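Chemist: An experimental structure, sequence included, is below.
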Amino acid sequence: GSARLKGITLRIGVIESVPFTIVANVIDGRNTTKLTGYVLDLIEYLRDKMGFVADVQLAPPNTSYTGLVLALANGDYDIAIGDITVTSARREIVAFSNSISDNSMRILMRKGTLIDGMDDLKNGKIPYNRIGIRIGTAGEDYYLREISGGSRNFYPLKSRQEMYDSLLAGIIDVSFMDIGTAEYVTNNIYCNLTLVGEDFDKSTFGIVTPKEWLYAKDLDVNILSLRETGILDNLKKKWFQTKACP
Amino acid sequence: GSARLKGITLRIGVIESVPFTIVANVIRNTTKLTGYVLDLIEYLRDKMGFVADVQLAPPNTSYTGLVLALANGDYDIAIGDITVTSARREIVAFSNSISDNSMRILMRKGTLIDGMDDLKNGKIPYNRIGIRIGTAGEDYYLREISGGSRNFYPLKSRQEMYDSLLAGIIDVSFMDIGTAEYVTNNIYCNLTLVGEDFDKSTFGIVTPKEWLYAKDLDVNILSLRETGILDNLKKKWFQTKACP
Ligand SMILES: N[C@@H](Cc1ccccc1)C(=O)O
Ligand SMILES: N[C@@H](Cc1ccccc1)C(=O)O
Ligand SMILES: [Cl-]
Ligand SMILES: [Cl-]
Ligand SMILES: [Cl-]
Ligand SMILES: [Cl-]
């Protein structure tokens, strides 16, 4: 069957990833967290349009994207919204909404690094333990399928912060990120970093839902309507069209 | 519940649209089909083990008409350059995306159009804007240009669109970018695309709502993406440029 989400409480899993989901520690005299970003704005549009009660739950620190999907499949959340890549392995265990965004990956490196693209990584110009890969992500899947043939011979990373510190501290030479956030970091957060080469792994982001979900149609119709009316485009411009770096 | 498509017969609706689904007449007449869509069917059939009963939609069937026919049970799935839209999703489901999409404005070379704003500002008499009925282009026009008014020059087939542009009966039309690039680079060398692309969207395989086999088809589509087969197919069918 199918039904409307009007009146329904949804526990919505979100995962820290600037500027999709931005976590601010604030004291207001008690310490609390404030969430903002593209994802929280999207949640507000959907809530206002669909009438569900949003119960937004931030995934614990160092939760992987795979861990978030597994947690939903196990019943810890009703839906999960973020920069979450739709993959065949995930689709085996959860469903996804219509796409909220196209996606691809790029190679991130320190400026001045003598790398010109993916060919250098595939030909072994960089030792493999100096390629940083965020575990439990689509980038790990790609690496294992296309670069290393199954072997996790990369340098593992648990958060964007560890990627930052490792690259800057010269522990790794490159890493992989989704293009939207990769552009964002190199343009606003770490000006010493840059993107190199062509993008790869063309893909999409989707809202994660349970398989065979009662509310699949209601969510999909609404997401498509936001796509059609330019709301998703506006949110992308709002949160991603910025460059603080000189 | 859910299940696998192995050994199951699927009636697969396809719709003429070069070079997704290419229709040739051969002779005692018979029809041959080739294209991106037919190759995709073969890859999915080989991976999934279903039995494919491929059925071409009657001439001048619109895209809305194909979707409606599937909702009415004439087909089990429909595969083509079929735009995923909110209105269609009310009555059918869609597989994971097989491709990104957008639209562009199609015109004769030499026509002085900057882009969509000219159309929105009334630079072009509305009966000289050709719109293929029962397509996402009509939906866009009604929503963004004419305020719900069907005041365009209605087109029933891709051929009527070309004929009308070439004969000077209309000044512009809308087409999906993949097929638009194909026709302007290979078939009608005196036509061209102009302006920014608009109506960013996706193509998806049409399935019944709440379909038993939804996961099986989706996992398999995503697998074809991941392993580069969809890219290979796009390269095969769309990278040609015969026009000088
Ligand atoms: N989109 C990736 C997660 C990711 C986000 C940002 C940077 C790198 C990886 C996934 O779903 O696995
Ligand atoms: N993709 C359009 C149909 C179309 C195909 C090719 C060119 C123009 C329009 C739809 O689904 O409505
Ligand atoms: Cl989609
Ligand atoms: Cl499912
Ligand atoms: Cl998708
Ligand atoms: Cl449905």
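Modeler: Arrived safely, thanks for sending. Numbers count the residues shown, from 1 in each chain, chains lettered A, B, ... in the order given. Ligands and ions are numbered 1, 2, ... in the order given.
Chemist: mind giving me the domain ranges of chain A?
Modeler: A:1-102+A:207-246, A:103-206 (curated CATH domains).
Chemist: May I see those organised as JSON lines, with distance to residue B:21 and mean neighbour count added?
Modeler: Where C-beta positions appear, they are placed from N, C-alpha and C, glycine not excepted. Conversion of the domains of chain A to JSON lines gives the following (distance: least, C-beta to C-beta, whole Å; neighbours: other C-beta atoms under 10 Å in any protein chain shown):
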{"stretch": "domain A:1-102+A:207-246", "distance to residue B:21": "23", "mean neighbour count": "17"}
{"stretch": "domain A:103-206", "distance to residue B:21": "23", "mean neighbour count": "17"}
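Chemist: Let me have those domains in CSV, extended by distance to ligand 4.
Modeler: Formatted as CSV, these follow (distance: least, C-beta to the ion, whole Å):
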stretch, distance to ligand 4
domain A:1-102+A:207-246, 3
domain A:103-206, 13
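Chemist: can you redo the ones you listed as a markdown table with distance to residue B:164?
Modeler: As requested, the domains of chain A are exported to a markdown table (distance: least, C-beta to C-beta, whole Å):
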| stretch | distance to residue B:164 |
| --- | --- |
| domain A:1-102+A:207-246 | 27 |
| domain A:103-206 | 35 |
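Chemist: what's the closest of those to residue B:150?
Modeler: Residue B:150 sits nearest to domain A:1-102+A:207-246 of all these, at 18.5 Å, using C-beta to C-beta.
Chemist: isn't residue A:214 right next to residue A:8, touching?
Modeler: No. Counting by C-beta atoms under 8 Å, residue A:214 does not reach residue A:8; the two are 9.3 Å apart.
Chemist: So for residue A:49, what's the nearest residue that isn't a sequence neighbour?
Modeler: For residue A:49, ignoring the flanking residues on the chain, the nearest one in space by C-beta to C-beta, 6 or more residues apart in numbering or on different chains is residue A:222 at 5.7 Å.
Chemist: quick one: contacts for residue A:198?
Modeler: For residue A:198, the contacting residues are A:117, A:118, by C-beta atoms under 8 Å, 6 or more residues apart in numbering or on different chains.
Chemist: ok, it to residue B:229 distance?
Modeler: Look at residue A:198 and residue B:229: by C-beta to C-beta, to the nearest Å, they are 19 Å apart.
Chemist: what's the answer for residue A:117, then?
Modeler: Distance, residue A:117 to residue B:229, by C-beta to C-beta: 23 Å.
Chemist: I'd say residue A:64 and residue A:141 touch.
Modeler: No. Residue A:64 is beyond contact range of residue A:141, at 11.7 Å (criterion: C-beta under 8 Å).
Chemist: how about residue A:55, what does it touch?
Modeler: Counted by C-beta under 8 Å, 6+ apart, residue A:55 has contacts A:9, A:10, A:11, A:12.
Chemist: Please convert those to a markdown table, extending it with secondary structure and distance to ligand 3.
Modeler: Putting the contacts of residue A:55 into a markdown table (DSSP: H, G, I helix; E, B strand; the rest coil; distance: C-beta to the ion, whole Å) gives the following:
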| residue | secondary structure | distance to ligand 3 |
| --- | --- | --- |
| A:9 | strand | 26 |
| A:10 | strand | 21 |
| A:11 | strand | 24 |
| A:12 | strand | 20 |
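Chemist: Tell me the one among those nearest to ligand 1.
Modeler: Using C-beta to the nearest ligand atom, residue A:12 is the member of those that lies nearest ligand 1, at 16.2 Å.
Chemist: list the contacts for the closest one?
Modeler: A:43, A:54, A:55, A:56, A:57, A:77, A:78, A:79, A:80, A:81.
Chemist: In space, what's closest to it - neighbours in sequence excluded?
Modeler: Residue A:12 sits nearest to residue A:56 (C-beta to C-beta, 6+ apart), 5.1 Å away.
Chemist: same deal with residue A:40?
Modeler: Distances taken as C-beta to C-beta, 6+ apart place residue A:21 nearest to residue A:40, at 6.9 Å, with adjacent residues excluded.
Chemist: Just want the most central residue of chain A.
Modeler: residue A:83 (2.8 Å; C-alpha atoms, centre = their mean).
Chemist: Now do the SS call for that residue.
Modeler: coil (DSSP: H, G, I helix; E, B strand; the rest coil).
Chemist: With residue A:156 instead?
Modeler: Using three-state DSSP, the structure places residue A:156 in strand.
Chemist: Hmm, residue A:137 and it touching each other?
Modeler: No. The pair residue A:156 and residue A:137 fails to qualify as a contact (C-beta under 8 Å) at a distance of 10.9 Å.
Chemist: Confirm that residue A:197 sits in a strand.
Modeler: Yes. Under three-state DSSP, residue A:197 falls within a strand.
Chemist: Do I have it right that it meets residue A:122?
Modeler: No. Under the criterion of C-beta under 8 Å, residue A:197 is not in contact with residue A:122, lying 11.0 Å apart.
Chemist: does chain B sit close to stretch A:179-189?
Modeler: No. Stretch A:179-189 does not reach chain B (C-beta under 8 Å from any C-beta of the partner chain); its nearest approach is 13.6 Å.
Chemist: Tell me which residues are up against that stretch.
Modeler: A:17-20, A:83, A:101, A:103-106, A:108, A:160, A:164, A:177, A:193-195, A:199, A:236, A:240, A:242-245.
Chemist: do that stretch and ligand 1 meet at all?
Modeler: Yes. Under the criterion of C-beta under 6 Å from any ligand atom, ligand 1 is reached by stretch A:179-189 at residue A:181.
Chemist: Let's verify residue A:93: helix, strand, or coil?
Modeler: Residue A:93 ends up coil, using three-state DSSP.
Chemist: Alright, I will stop here.
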